[PDB]
Amino acid sequence: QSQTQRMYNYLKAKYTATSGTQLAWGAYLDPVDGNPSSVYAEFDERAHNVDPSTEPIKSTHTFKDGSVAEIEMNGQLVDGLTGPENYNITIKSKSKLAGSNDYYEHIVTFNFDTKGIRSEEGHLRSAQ
Amino acid sequence: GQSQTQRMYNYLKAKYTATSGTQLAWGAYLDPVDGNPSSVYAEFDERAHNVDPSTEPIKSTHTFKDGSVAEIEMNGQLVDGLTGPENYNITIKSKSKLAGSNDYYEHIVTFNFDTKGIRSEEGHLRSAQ
Ligand SMILES: [Cl-]
């Protein structure tokens, strides 16, 4: 409401969006009942396919404090190449600012083969 | 952290700490100390009302329970070609190193002295100085 509160809301949204990215990273990496996650299994199949699905994998999460992150993962091959070493996966995590439809969006891209970060960005965005 | 999985976690943690640093700096700017404006507020209030204000950075740090550190720098400047407090914008820079590295996450938020409205915001992973 106030500009003072708007600042705090922007910061909380940045924090929640980042928490969503961490949640996604864990969902990707952490085994479930001793075997890869369904999300990892999907990207493993895509990474080893010469014409992979590019359908986003979408989820939403409510944290303990009631803040919400809307999360999407997707991948694409470097243009003109195939193979897992040329497959890069992007996590997008969005969280709306309280009392607003503006949102903070965190976008991190990592390589399937190395798990190294290729790019990272984060921005306050106006409402869709 | 040297594995790439840990590096990603360390990047996220440095982003958390930098963001929390900005939040604490905001509170330090705004919150009264003994019924009187904070010392950092009084300094920018003086600057905002000067035709040639000091552009000296004001430095602080915040150490968190997990042991991470945010280094804070605040400063201000008048909009080029303009004067007065309505045209005085203050920038908070908040840095935190990634664990096991001198690479860092830097959060930079600029707000207007008069309105307290956000004028710009950015954040980046940075290579070591
Ligand atoms: Cl790894």
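Each chain gets a letter, A, B and so on, in the order the sequences are listed, and its residues count up from 1.
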Interchain donor-acceptor contacts below 3.5 Å (chain A, chain B):
from: A:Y10; atom 1: OH; to: B:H107; atom 2: NE2; distance (Å): 2.8
from: A:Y10; atom 1: OH; to: B:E121; atom 2: OE1; distance (Å): 2.6
from: A:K14; atom 1: NZ; to: B:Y105; atom 2: OH; distance (Å): 2.8
from: A:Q22; atom 1: OE1; to: B:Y16; atom 2: OH; distance (Å): 2.6
from: A:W25; atom 1: NE1; to: B:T5; atom 2: O; distance (Å): 3.4
from: A:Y104; atom 1: OH; to: B:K15; atom 2: NZ; distance (Å): 2.7
from: A:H106; atom 1: NE2; to: B:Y11; atom 2: OH; distance (Å): 2.8
from: A:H106; atom 1: NE2; to: B:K15; atom 2: NZ; distance (Å): 3.3
from: A:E120; atom 1: OE1; to: B:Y11; atom 2: OH; distance (Å): 2.5
from: A:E120; atom 1: OE2; to: B:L125; atom 2: N; distance (Å): 2.9
from: A:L124; atom 1: N; to: B:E121; atom 2: OE2; distance (Å): 2.9

### Message
So, taking the atom named CG in A:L23 and the one named CG in B:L12, what distance separates them when rounded to the nearest 0.5 Å?
### Response
11.0 Å
### Query
Are A:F63 and A:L97 joined in one hydrophobic group, where the rule is that I, L, V, M, F, W and Y side chains link up if heavy atoms are under 4.5 Å apart?
yes
### Query
Side chains of B:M8 and A:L29: does their closest heavy-atom pair fall under 4.5 Å?
no
### Message
Quick check on B:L125 against chain A: is it the side chain, the backbone, both or neither that has a heavy atom closer than 4.5 Å?
### Response
both
### Query
Do A:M73 and A:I107 belong to the same hydrophobic cluster, where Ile, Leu, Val, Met, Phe, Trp and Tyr are linked whenever their side-chain heavy atoms lie under 4.5 Å apart, directly or via other members?
no
